[PDB]
Amino acid sequence: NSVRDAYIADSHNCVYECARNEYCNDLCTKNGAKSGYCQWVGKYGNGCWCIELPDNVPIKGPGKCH
């Protein structure tokens with residue numbers, strides 16, 4: 001799909017940890033998403049969650065952070 005809700009990730013399949021929701025909204029929106037927030041608990045633990053992130057930007061998927 002063109003866009004998806006998920007943990008934004010780097011090129012190493014690593015989530016971006018967070019301490020503030022604002023950090024995540026900024027990170028997500030500057031990468032094309034509608035909004036974002038900090039997940040202190042979730043499928044992969046602490047990390048930024050983005051809403052409608054374009055598919056040219058990585059998301060956390062099954063596998064290790066390398």
# chains A, B, ... in the order shown; residues from 1 in each chain; ligands from 1

call {"tool": "residues_around", "arguments": {"residues": "residue 45 of chain A", "least_positions_apart": "4", "cutoff": "12 Å", "atoms": "only C-alpha atoms", "output": "count of residues only"}}
result
12

call {"tool": "residues_around", "arguments": {"residues": "residue 13 of chain A", "least_positions_apart": "6", "cutoff": "10 Å", "atoms": "only C-alpha atoms", "output": "PyMOL selection string"}}
result
chain A and resi 7+58-66

call {"tool": "closest_residue", "arguments": {"among": "A:36, A:56, A:44, A:5", "to": "residue 21 of chain A", "atoms": "only C-alpha atoms"}}
result
A:36
